[PDB]
4 protein chains.
Amino acid sequence: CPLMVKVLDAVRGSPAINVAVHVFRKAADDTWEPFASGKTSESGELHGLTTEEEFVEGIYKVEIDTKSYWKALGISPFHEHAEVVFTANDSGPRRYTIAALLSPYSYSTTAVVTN
Amino acid sequence: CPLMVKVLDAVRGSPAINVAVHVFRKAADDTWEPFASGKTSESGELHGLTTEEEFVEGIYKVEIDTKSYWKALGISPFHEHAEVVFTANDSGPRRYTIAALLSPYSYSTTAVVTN
Amino acid sequence: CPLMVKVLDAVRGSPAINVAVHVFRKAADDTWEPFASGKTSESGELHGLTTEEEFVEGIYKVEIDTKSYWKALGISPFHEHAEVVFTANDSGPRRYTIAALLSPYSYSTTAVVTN
Amino acid sequence: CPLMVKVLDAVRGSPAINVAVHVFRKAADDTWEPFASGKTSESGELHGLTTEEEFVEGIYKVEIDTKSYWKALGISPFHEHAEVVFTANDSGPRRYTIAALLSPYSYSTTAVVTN
Ligand SMILES: [Ca+2]
Ligand SMILES: [Ca+2]
Ligand SMILES: [Ca+2]
Ligand SMILES: [Ca+2]
Ligand SMILES: [Ca+2]
Ligand SMILES: [Ca+2]
């Protein structure tokens, strides 16, 4: 995987399972083209979004449907979603892990970029 | 302030000063309309973005220009920006503090909502 | 204040009110001596712990009783407490804000140090 | 592994490698008994600290030498270390992952507790 998404639940201390994730690529006309999507697994991970052939340089947006996740647990969330926007591969393909730690009124996101 | 933004630098343990912040409100046609903008002060806070009359119900997006902040410090950060999207004032007028804590490859954002 | 502690609740998006906080300073014999204590106010802040005369160089430990906080809300949290340990005033007198952001299975802590 | 530690670097966007980690168990006389230790691998993970035979109920402290890690990178850290203190297995053995996300003036820690 050149791009992996991992989501954690800070209220329950568990992976965040069945979280919808959409990935977009910035088109030339500055709009967001859908690129890939899925739902986090039981380990809160989403693999196989793209291939390194397809994952070329550009600006990508990862949208995490945090609101539906909290709605499903019966907990009021603040955010509509969590967005992560970044420029990829600007020094060559590496592997990207986008981690997100979710609370109802707070989230953090971290990129782990390795060889 | 019905809406205040506060940004901290986790590398230096300081307010993040002169960070540009753009606020948008989602219109009837589902486009983002520019709502307010400003920059954080020496305390890392941005006050006076709006008024309670102007700050009606809606979906708002606060876009914090973290990239320019890190670049001006010689750092090439992961994220293009930190975006915070939320429904405001749905159950009546509230006061919102949007906090952001910045690291070059990570950020967190927290909402404090008071009545 | 040379030393202020501020605690937020990430589940409710509010200050964390009435949170007990104990401060210790490491003595010559490497034991922790009680230094100051208090509880967070309605704003989630604890002021007036010490004075600049009393707040000499040393290693300090701020222990935030997060467990009692969550328990009183019916939540069984992961952590016994959040402990923050740091050398203070090594290059001269500074003002320290120790922020903590609390979730039942996660917390973050940030220092803001100003001169 | 009934207990695993994972450390990430929020400045470099990478696992935090060669971070010293000590695990303690609270003795009957309220002092901390060393229990296990190691250094994070190239993936920022530390496995094989204990066995489920040995990892009985009790209060455990995980001390992460964040200060040496930042010193090794030539970056001034605020904290002496990061401590995580928690009661284990209080409803039966599960698997514990203690994750820590490190910045020079800020850290977060999260417990991922699974079956
Ligand atoms: Ca993968
Ligand atoms: Ca204000
Ligand atoms: Ca309404
Ligand atoms: Ca004060
Ligand atoms: Ca000194
Ligand atoms: Ca393991």
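Per the conventions used, each chain is numbered from 1 along its written sequence, independently of whether this matches the entry, and residues without coordinates are not displayed. Each chain takes a letter, starting from A, and each ligand takes a number, starting from 1, following the order in which they are written. Calculated side-chain values reflect all of the structure's heavy atoms, with hydrogen atoms and water omitted.

Trainee: Help me understand the interface of chain A and chain D in this model?
Mentor: How big an interface is tends to be expressed through the accessible area that disappears when the partners come together. Taken together, the ten residues of chain A in the interface contact ten residues of chain D. Accessible-area loss on putting two parts together, using a 1.4 Å probe and summing over both, is the definition of buried area adopted here. When the two sides are added together, the surface that chain A and chain D hide from each other amounts to roughly 760 Å², 70% of it contributed by carbon and sulfur. We count a salt bridge whenever a side-chain nitrogen from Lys or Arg sits within 4 Å of a carboxyl oxygen from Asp or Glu. The tally of links between chain A and chain D comes to zero salt bridges. Here a polar contact is taken to be a pair of N or O atoms separated by no more than 3.5 Å, where protein atoms must pair a possible hydrogen donor with a possible acceptor and residues adjacent in sequence count only if both atoms sit in side chains. There are two residue pairs in polar contact connecting chain A and chain D. Each helix is a run of DSSP H or I of at least 4 residues and each strand a run of E of at least 2, with the numbering of both proceeding from the N terminus. Breaking the side of chain A that touches chain D down by element, the ones donating at least two residues are β2 (14-15) and β9 (106-114) of chain A. Top contributing element to the side of chain A that touches chain D by residue count: β9(A), with five residues. Across the side of chain A that touches chain D, the residue classes tally to six nonpolar, four polar and no charged. Two residues qualify as a contact provided that any one of their heavy atoms is within 4.5 Å of a heavy atom in the partner residue. When residues are grouped by polarity, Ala, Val, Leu, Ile, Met, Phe, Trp, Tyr, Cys and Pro land in nonpolar, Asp, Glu, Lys and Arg in charged, and all others, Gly among them, in polar.

Trainee: Sorry if this is basic, but what is going on with the interface of chain B and chain A here?
Mentor: With 21 residues of chain B at the contact, the number on the chain A side is 21 residues. Approximately 1,700 Å² of surface area, both sides summed, lies buried where chain B meets chain A, with 56% of it carried by carbon and sulfur atoms. At the boundary of chain B and chain A, one finds zero salt bridges. Here chain B and chain A share 14 residue pairs in polar contact between them. Of all elements in the fold, only β7 (82-88), β8 (95-103) and β9 (106-114) of chain B reach the threshold of two or more residues within the side of chain B that touches chain A. Strands were regarded as paired on the criterion that DSSP finds at least two bridges between them. Here five bridges tie β9(A) to β9(B), and the two strands are oriented antiparallel to one another.

Trainee: In this structure, what is going on with the coordination of the calcium ion (ligand 2)? I would like to understand it.
Mentor: Octahedral metal centres with six donors ideally show angles of 90 or 180 degrees, and tetrahedral centres with four donors ideally show 109.5 degrees. In this analysis a donor is any N, O or S atom within 2.8 Å of a metal ion (3.2 Å for sodium, potassium and calcium), and since water is not included, sites may seem incomplete. Protein-derived ligands of the calcium ion (ligand 2) are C1(B) (SG) and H47(B) (ND1), with the metal-ligand distances lying across 2.3 to 2.6 Å. A residue pair is termed long-range when its members are at least 10 positions apart, and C1(B) in the segment before β1 (3-9) and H47(B) in the loop between β5 (45-46) and β6 (58-64) qualify at 46 residues.

Trainee: Sorry if this is basic, but what is going on with the relation of the copies chain A and chain D here?
Mentor: Both copies of the chain are related by a screw-like operation: a rotation about an axis and a shift along it. Least-squares fitting over the C-alpha atoms is the method by which the copies are superposed. Relative to chain D, chain A is turned by 180° and slid 0.0 Å along the rotation axis, the superposed coordinates differing by an RMSD of 0.0 Å. Both copies of the chain, as the preceding transformation shows, are related through a two-fold rotation axis. The C-alpha atom lying nearest the rotation axis in chain A is that of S108(A); the distance is 4.8 Å.

Trainee: So what exactly am I meant to see when it comes to the relation of the copies chain B and chain A here?
Mentor: Superposing chain B onto chain A takes a rotation of 180° combined with a translation of 0.2 Å along the rotation axis, leaving an RMSD of 0.4 Å. When the interface residues of chain B are mapped onto chain A, 100% of them again fall at the interface, so both copies present the same face.

Trainee: Would you explain the sheet that holds strand β6 (residues 58-64) of chain C in this entry?
Mentor: Residues and elements named next belong to chain C. Taken together, the four strands give an open sheet; going across it, the order is β4-β3-β6-β7, and neighbouring strands pair in antiparallel fashion. Strands with a single pairing partner mark the edges of an open sheet, and in this sheet they are β4 (32-39) and β7 (82-88). Across the sheet, the mean angle separating the axes of adjacent strands is 20° when strand polarity is ignored. Note: β6 against β7, seven bridges, orientation antiparallel. Bridging from a neighbouring strand, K61 pairs with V85 of β7. Between the N-to-C directions of two axes lies an angle of 0 to 180 degrees, each axis being a line fitted to C-alpha atoms and, for a helix, fitted only over the stretch in contact.

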